[PDB]
Amino acid sequence: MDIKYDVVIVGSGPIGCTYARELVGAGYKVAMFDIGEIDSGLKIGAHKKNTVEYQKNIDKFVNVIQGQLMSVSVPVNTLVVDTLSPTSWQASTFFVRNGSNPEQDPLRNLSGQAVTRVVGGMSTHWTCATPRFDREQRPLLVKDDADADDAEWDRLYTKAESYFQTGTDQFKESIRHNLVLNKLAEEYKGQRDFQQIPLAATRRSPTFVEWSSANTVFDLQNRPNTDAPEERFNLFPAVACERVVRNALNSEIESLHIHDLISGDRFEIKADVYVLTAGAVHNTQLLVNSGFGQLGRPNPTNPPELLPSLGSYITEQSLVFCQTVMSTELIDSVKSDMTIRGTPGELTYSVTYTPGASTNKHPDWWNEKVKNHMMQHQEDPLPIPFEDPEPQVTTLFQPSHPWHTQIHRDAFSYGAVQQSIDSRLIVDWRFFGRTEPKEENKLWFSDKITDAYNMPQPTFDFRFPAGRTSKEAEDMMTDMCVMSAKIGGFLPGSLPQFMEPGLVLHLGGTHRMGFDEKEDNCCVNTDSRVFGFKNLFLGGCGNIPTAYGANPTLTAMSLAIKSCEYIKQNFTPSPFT
Amino acid sequence: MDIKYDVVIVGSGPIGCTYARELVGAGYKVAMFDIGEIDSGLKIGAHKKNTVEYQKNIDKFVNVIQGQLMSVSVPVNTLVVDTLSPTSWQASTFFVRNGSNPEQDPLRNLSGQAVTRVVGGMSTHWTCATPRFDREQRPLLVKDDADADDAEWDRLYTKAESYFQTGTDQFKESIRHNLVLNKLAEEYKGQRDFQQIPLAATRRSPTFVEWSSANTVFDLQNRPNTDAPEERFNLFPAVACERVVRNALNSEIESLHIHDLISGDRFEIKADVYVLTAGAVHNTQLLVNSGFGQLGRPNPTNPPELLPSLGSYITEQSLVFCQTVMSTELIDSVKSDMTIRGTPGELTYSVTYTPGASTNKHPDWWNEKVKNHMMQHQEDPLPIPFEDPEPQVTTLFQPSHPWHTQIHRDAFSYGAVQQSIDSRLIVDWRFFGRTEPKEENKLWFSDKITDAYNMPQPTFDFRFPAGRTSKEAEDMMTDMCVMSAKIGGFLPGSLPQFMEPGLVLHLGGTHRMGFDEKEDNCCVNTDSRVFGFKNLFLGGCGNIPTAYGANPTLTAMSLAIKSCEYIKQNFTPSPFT
Amino acid sequence: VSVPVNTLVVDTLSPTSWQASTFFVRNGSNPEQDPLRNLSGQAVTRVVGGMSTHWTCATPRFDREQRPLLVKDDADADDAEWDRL
Amino acid sequence: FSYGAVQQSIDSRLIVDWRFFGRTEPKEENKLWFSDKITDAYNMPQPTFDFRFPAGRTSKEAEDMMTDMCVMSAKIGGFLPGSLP
Ligand SMILES: *Cc1cc2c(cc1C)nc1c(=O)[nH]c(=O)nc-1n2C[C@H](O)[C@H](O)[C@H](O)COP(=O)(O)OP(=O)(O)OC[C@H]1O[C@@H](n2cnc3c(N)ncnc32)[C@H](O)[C@@H]1O
Ligand SMILES: *Cc1cc2c(cc1C)nc1c(=O)[nH]c(=O)nc-1n2C[C@H](O)[C@H](O)[C@H](O)COP(=O)(O)OP(=O)(O)OC[C@H]1O[C@@H](n2cnc3c(N)ncnc32)[C@H](O)[C@@H]1O
Ligand SMILES: *Cc1cc2c(cc1C)nc1c(=O)[nH]c(=O)nc-1n2C[C@H](O)[C@H](O)[C@H](O)COP(=O)(O)OP(=O)(O)OC[C@H]1O[C@@H](n2cnc3c(N)ncnc32)[C@H](O)[C@@H]1O
Ligand SMILES: O=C1[C@H](O)O[C@H](CO)[C@@H](O)[C@@H]1O
Ligand SMILES: O=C1[C@H](O)O[C@H](CO)[C@@H](O)[C@@H]1O
């Protein structure tokens, strides 16, 4: 490790890797630190679902996700256990136990909020949905010219889509995908459009998809190397970044304090440019530990002079979920072109279709799959092939329906026991609401309590705002109930419900963007530069200042690309030496 | 990849790595294949619990284990779901769904049996307990000379302990460990001895333990390399090994058929020596798919001519579990040397001890820890420091108590919700029974049904034998109830119970060892050579032919060392070229 | 009314406990009953007063659409008969 | 009905139950029959059902009914966790 770099990046998630891809490519001497370690095999920071074994056992990947989601703020537990043996030591109070945060009001929390500390961040396990935001959900990059704003976002999103390898074609030959999409498309009378979820992924075979990740964006190999002999990049895992050192004027960062978790030793690293991409929670934590904002319980009587909007106006999406069991009508529709005679398993049974007939509702590729499955597996009562890929359907956020939708199969909440209902019948429904930014909704950090890395303990003070946000959230629930019914009834044990606040992991606005610090109640400008500072940039969903329902990562990446352009325009790389 | 090696090893678990360590070191040109992929970071095949983040969040590692335990044989599901919507497609029968095995009697299964397909095998997640077996549990290596047999086992176990870095000192400064061990030691009136569980692990700091794994045994890096320029080793992950090719005489293996899971292509690999270390289930599967034993449902009327004992005499241990909440008496004992005056949190409160006093029950290191914790954390009602390591206690199997015991904290069954009871109070109890080998207890492979890798589907026909095994299992349960009571009452939700058969993952005897194929009803000799074959060896717990309660891996490793000695005595490495 | 034969797998019995080899008829179950074509929730009450000793007491009338005819070809007469009753 | 077993954590004054009841088409195939071998607790022929909700109007309406409860209930409040539709 050197003591001086051109650029230091904190965090090796997909957003930190966006900065690495852009700036390593442009010739900067870059160092990247991550508190977590190299996990994913020899492709550093890659998607953990890209093993042959997981894609043959997709029901097991939920466990991998759960194993790297560490809760942000757990309130003191008040469950009464009164069936202990009289001999066992028994509490007299509900004291602070087992990592709980005594600052946390359990009734004003994001209990589901969690963080992932591994190289590649949450992109080692994510669902890879990368929709664009429409104007209604999106911050302005150009103030008073909507066409210019549109053109800027189109350019950035197109580049981000390339970095992530976003596509909308990978599930086109799925019978289940078609069954669902086709039904919904026909039922909404032209007024809501259904398409494939945009997914950061490349199909390699009919039963394997290479899901994208941080590694897709930037391979995280140290440089120079044979393939990039004139690039300069070092990744340092197991390094907790603790403090950026401000000058007196709050115009420059002069150093980064790091803690090597293997040796235990602490160091300071100099750079020309500091980029914080540690996640929406941990960017904020690092800044607060560095003297930005206000440490401790908020108090308006003494509001912070440095970045007063930091940790305020936080947003998290409402999330509703259910699963459905495909309707009899839809299952029969799969085989509607078949002539079926006799009884399965008996000598005289047959399933035939007429290739190319005009009366057929499906193309030959579909009917071949169905016929062969029905004839070769007469023990099986469904017409859907066993290896048929999952549905991946959305109708995107619109004014009339201001929520994102995913009608799909997610690796999350498989759970623990095998499904009794055939998997080919099951479809997940996830609708995601937008949350109004409100000053009262805060992420703050204790001045006494510390987390597992001896850093100020995060605490939420959050409620979904009472007006539009709440009305829309409940309307969203209703919409999922109505729309899902067109596909099938609810699966027992996966009935319509709101998920624990924050379990969705789409937190934004913790270090939010705008044009003017005071007027727009914000922390970074449109180049993601922290107001007042020449050389400090923040990347991630914490920059997004708007109420958004769609998945935020692509938007955050687009903002990071724009920020890198600024850096390239304003800092000279050091000579390669 | 070459088409010819001196030695081919199937499986990169700790047993395959024992063969690699011994034979790569001795100058053989070695190839190793694993169906699974490089997981554990840059230390190939290492323990996944060796991240800073897991050892700060030990409650989360259960998820990692669950995520790589793929059930061996799941019977057809017969749960009645009668609350589907009338529109949903509804089954008329309990048909084969969701990977279930229609060959499997649900009432004669090892439902908990599972396999792990990752480089390093189950050693990437295991608990690292490596006790020796006493004579009663151990197969003979020398037939009619107990002293010679003892000396052979001592030599092999000592080497295996070195390979694994087994020790019994890593938890000596734990207050909780001491509290438990000291109490039990005093209560058994000299007739049962308590010691630390022997653990394959090296402590690096008071809050970090480097758990051993396959990587400890052999680092799995390709050779030649800078550190080993005259060694020759290649690891090939994502390669399913499907068949060994027998000659007509069943005296030699002529080839190994492999399937590259990335390209999809199939190849054949030649070696002088073939070693199968794919686990107790998958060794058996590979052999059966190669024409050993009998494919399909057993039928005595047509018993196999080649290795007729293969897949018979299988053993799995009964496992009983509970957790306890430490007694008030034990908690008060922690602070017995303290003079405590006043009320915690008040001006006049104090906790003192007299260093070096003869009346003290504890040494100064203990009383310093307790005093500082009690004075610095007056909000906390327990005298045990927050970072105190976990207990790791055993009384080893003996004739009078023929079960292994672990009195400890295991990463398995943390579960899902935070504990309401303080973790410092909680102790896990796992007692492990020995199971008599019986011919009727079988692992067999379907001639029609295939698993996810298109290999014959494993099916169990197992019941715990009715006599000694069953009497001992129930006596073992009682013993855990009696012994645990000395420490505290049961923790609600972790009451004394038998675990699902096979969840313990200590299956043995599937390809068992003995001196004479017919007389000892066995498959390999004491060099782990398959009877009749010059060049085929099996390694792993499937070799162990006895009823054993202790954890089998160290014993299996010892047998593998002996097998490697035979190979070194009988095959010449090729010239380094 | 009709409880099908139970097929829940209990595989954590102690080895000493008597363990079934089949899903035999146990505990009042009806071996005639297909569990997948049942009214599993159907039940009966055998006490004086019947189910009216516990019911919710909701007593709506049926409109024509739900109601059997008491008069065959005169809807007004049918309505008048039902209103009276 | 369905108070259950544990005290409600949510204040009872806030809680409203929703029960929507569908109509089922009479179909000859839907039967209540009695075993000629198996007997009930009063030594009478054991009742057995052979029932499925009919596939057409009955089923369409049942699912539309579910939707209607979801839509209508929303006007009053969100679902109570543990008592989801
Ligand atoms: C968990 C998850 C997330 C997810 C999702 C499904 C699941 C189960 N599905 C998504 C989807 O379909 N579409 C989408 O847009 N997002 C989805 N997500 C969320 C997505 O993964 C995140 O939005 C994205 O990963 C955020 O990227 P970012 O690069 O900003 O942050 P990160 O991935 O959390 O990585 C941050 C890294 O910083 C390291 N760290 C944290 N603190 C420090 C300190 N102090 N020092 C050094 N390094 C630090 C972390 O270890 C992490 O690697
Ligand atoms: C899961 C587990 C295991 C465990 C334990 C706790 C848990 C949660 N605690 C233990 C303990 O405290 N003490 C002990 O002695 N054992 C404990 N275990 C069990 C232990 O992990 C196993 O006994 C040991 O790992 C067995 O070693 P072995 O090398 O024989 O087998 P393996 O680890 O299962 O690895 C086999 C490899 O073979 C590959 N494979 C399988 N099939 C194929 C084919 N056809 N082709 C190529 N490769 C194959 C697997 O992928 C695996 O890596
Ligand atoms: C249980 C229940 C029922 C109920 C309800 C809520 C509950 C929890 N809420 C209702 C409501 O709001 N509105 C409504 O219209 N009905 C509601 N119900 C159903 C209602 O209680 C029943 O429809 C009504 O009680 C039926 O009356 P009926 O007089 O026809 O039948 P019964 O109450 O079941 O009584 C029958 C008696 O016969 C005796 N018995 C049975 N077998 C024999 C033989 N072989 N020999 C002699 N006596 C016999 C029974 O013991 C019973 O008392
Ligand atoms: O972005 C998302 C959120 O963070 O996770 C959900 C469940 O995995 C995903 O379905 C969704 O794509
Ligand atoms: O060897 C073992 C078995 O395989 O797993 C148990 C739970 O992890 C362990 O406690 C035990 O050490």
# chains A, B, ... in the order shown; residues from 1 in each chain; ligands from 1
>>> interface_residues(of="chain C", to="chain B", cutoff="6 Å", atoms="only C-alpha atoms", output="compact mmCIF listing (two decimals) with N, CA and C atoms, in the first residue's frame")
# COMPACT_ATOMS: atom_id res chain seq x y z
N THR C 12 -38.58 -37.32 13.99
CA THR C 12 -37.75 -36.97 15.15
C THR C 12 -38.23 -37.69 16.41
N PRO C 15 -35.42 -43.19 18.77
CA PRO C 15 -35.31 -44.60 18.31
C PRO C 15 -36.05 -45.62 19.15
N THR C 16 -36.26 -45.39 20.44
CA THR C 16 -36.99 -46.38 21.25
C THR C 16 -38.50 -46.36 21.04
>>> interface_residues(of="chain C", to="chain D", cutoff="9 Å", atoms="only C-alpha atoms", output="count of residues only")
16
>>> select_by_dssp(residues="segment 303-548 of chain A", states="alpha helix (DSSP H)", output="short mmCIF file (atom, residue, chain, number, x, y, z; two decimals) with C-alpha atoms, in the first residue's frame")
data_model
loop_
_atom_site.label_atom_id
_atom_site.label_comp_id
_atom_site.auth_asym_id
_atom_site.auth_seq_id
_atom_site.Cartn_x
_atom_site.Cartn_y
_atom_site.Cartn_z
CA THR A 328 -56.62 -23.35 -14.12
CA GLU A 329 -57.64 -21.18 -17.05
CA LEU A 330 -54.02 -20.15 -17.70
CA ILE A 331 -52.66 -23.66 -17.32
CA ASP A 332 -55.26 -24.99 -19.79
CA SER A 333 -54.30 -22.12 -22.15
CA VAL A 334 -50.75 -23.49 -22.36
CA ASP A 364 -44.38 -24.08 -33.00
CA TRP A 365 -41.48 -23.70 -30.55
CA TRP A 366 -44.07 -23.50 -27.76
CA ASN A 367 -46.25 -26.34 -28.92
CA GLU A 368 -43.18 -28.62 -29.49
CA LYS A 369 -42.07 -28.01 -25.90
CA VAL A 370 -45.55 -28.68 -24.55
CA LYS A 371 -46.16 -31.83 -26.66
CA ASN A 372 -42.82 -33.35 -25.76
CA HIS A 373 -43.26 -32.60 -22.09
CA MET A 374 -46.82 -34.05 -22.05
CA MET A 375 -45.84 -37.20 -23.95
CA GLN A 376 -42.50 -37.88 -22.26
CA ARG A 468 -49.70 11.13 -0.56
CA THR A 469 -47.09 8.52 0.42
CA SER A 470 -49.52 6.66 2.64
CA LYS A 471 -52.55 6.97 0.32
CA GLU A 472 -50.44 5.67 -2.57
CA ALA A 473 -49.01 2.80 -0.49
CA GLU A 474 -52.46 1.53 0.32
CA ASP A 475 -53.65 2.08 -3.25
CA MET A 476 -50.59 0.09 -4.34
CA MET A 477 -51.60 -2.81 -2.11
CA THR A 478 -55.04 -2.76 -3.66
CA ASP A 479 -53.54 -2.68 -7.18
CA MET A 480 -51.46 -5.79 -6.43
CA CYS A 481 -54.56 -7.56 -5.12
CA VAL A 482 -56.55 -6.64 -8.24
CA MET A 483 -53.79 -7.34 -10.78
CA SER A 484 -52.61 -10.61 -9.22
#
>>> residues_near_ligand(ligand="ligand 1", cutoff="7 Å", atoms="only C-alpha atoms and all ligand atoms", output="ChimeraX atom specification")
/A:10-16,33-36,65,69,115-123,125-130,239-242,277-280,282-283,286,412,505-506,539-541,551-554
>>> residues_around(residues="residue 56 of chain D", least_positions_apart="3", cutoff="10 Å", atoms="only C-alpha atoms", output="PyMOL selection string")
(chain A and resi 329) or (chain B and resi 86-87) or (chain D and resi 25+53+59-61)
>>> residues_near_ligand(ligand="ligand 3", cutoff="7 Å", atoms="only C-alpha atoms and all ligand atoms", output="ChimeraX atom specification")
/C:44-52,54-59 /D:1
>>> write_last_selection(atoms="C-alpha atoms", output="CSV table (one decimal), in the first residue's frame")
chain,number,residue,atom,x,y,z
C,44,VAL,CA,-71.4,-30.7,13.4
C,45,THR,CA,-72.7,-29.7,16.8
C,46,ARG,CA,-74.5,-32.2,19.0
C,47,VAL,CA,-76.1,-30.2,21.9
C,48,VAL,CA,-79.7,-29.2,22.6
C,49,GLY,CA,-80.3,-26.1,20.4
C,50,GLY,CA,-77.8,-27.3,17.9
C,51,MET,CA,-75.5,-24.7,16.3
C,52,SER,CA,-77.9,-21.9,17.4
C,54,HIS,CA,-73.2,-20.5,19.3
C,55,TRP,CA,-74.0,-18.9,16.0
C,56,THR,CA,-73.4,-15.3,14.9
C,57,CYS,CA,-77.2,-14.6,14.5
C,58,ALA,CA,-77.0,-13.0,11.0
C,59,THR,CA,-80.4,-13.5,9.4
D,1,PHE,CA,-64.9,-16.8,15.9
>>> select_by_dssp(residues="segment 40-128 of chain A", states="strand (DSSP E or B)", output="ChimeraX atom specification")
/A:40,70-71,88,114-115
>>> residues_around(residues="residue 321 of chain B", least_positions_apart="4", cutoff="6 Å", atoms="only C-alpha atoms", output="VMD selection string")
chain B and resid 429 to 430 496 to 497
>>> closest_atom_pairs(of="chain A", to="chain B", cutoff="6 Å", atoms="only C-alpha atoms", output="Markdown table")
| residue | atom | partner | partner_atom | distance |
| --- | --- | --- | --- | --- |
| A:38 | CA | B:41 | CA | 4.8 |
| A:39 | CA | B:41 | CA | 4.5 |
| A:40 | CA | B:39 | CA | 5.9 |
| A:41 | CA | B:39 | CA | 4.5 |
| A:60 | CA | B:67 | CA | 5.1 |
| A:63 | CA | B:67 | CA | 4.8 |
| A:64 | CA | B:67 | CA | 5.7 |
| A:67 | CA | B:63 | CA | 4.8 |
| A:77 | CA | B:420 | CA | 6.0 |
| A:85 | CA | B:489 | CA | 4.9 |
| A:87 | CA | B:327 | CA | 5.3 |
| A:88 | CA | B:327 | CA | 4.0 |
| A:89 | CA | B:328 | CA | 4.2 |
| A:97 | CA | B:422 | CA | 5.5 |
| A:325 | CA | B:88 | CA | 5.6 |
| A:326 | CA | B:88 | CA | 5.5 |
| A:327 | CA | B:88 | CA | 4.0 |
| A:328 | CA | B:89 | CA | 4.2 |
| A:420 | CA | B:77 | CA | 6.0 |
| A:422 | CA | B:97 | CA | 5.5 |
| A:488 | CA | B:88 | CA | 5.3 |
| A:489 | CA | B:85 | CA | 4.9 |
>>> residues_around(residues="residue 21 of chain D", least_positions_apart="2", cutoff="9 Å", atoms="only C-alpha atoms", output="MDAnalysis selection string")
chainID D and resid 19 23 62 65
>>> write_last_selection(atoms="N, CA and C atoms", output="mmCIF file, in the first residue's frame")
data_model
loop_
_atom_site.group_PDB
_atom_site.id
_atom_site.type_symbol
_atom_site.label_atom_id
_atom_site.label_comp_id
_atom_site.auth_asym_id
_atom_site.auth_seq_id
_atom_site.Cartn_x
_atom_site.Cartn_y
_atom_site.Cartn_z
ATOM 1 N N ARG D 19 -65.809 -10.689 6.147
ATOM 2 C CA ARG D 19 -66.170 -12.034 5.694
ATOM 3 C C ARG D 19 -67.056 -11.878 4.485
ATOM 4 N N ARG D 23 -71.633 -17.698 -3.625
ATOM 5 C CA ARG D 23 -72.672 -18.699 -3.967
ATOM 6 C C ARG D 23 -72.074 -19.809 -4.821
ATOM 7 N N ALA D 62 -65.843 -16.451 -7.019
ATOM 8 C CA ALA D 62 -65.109 -16.567 -5.732
ATOM 9 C C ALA D 62 -63.850 -15.694 -5.755
ATOM 10 N N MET D 65 -64.792 -12.100 -5.709
ATOM 11 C CA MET D 65 -65.205 -11.787 -4.363
ATOM 12 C C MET D 65 -64.007 -11.443 -3.493
#
>>> closest_residue(among="D:67, D:85, D:80, D:29", to="residue 10 of chain D", atoms="only C-alpha atoms")
D:80
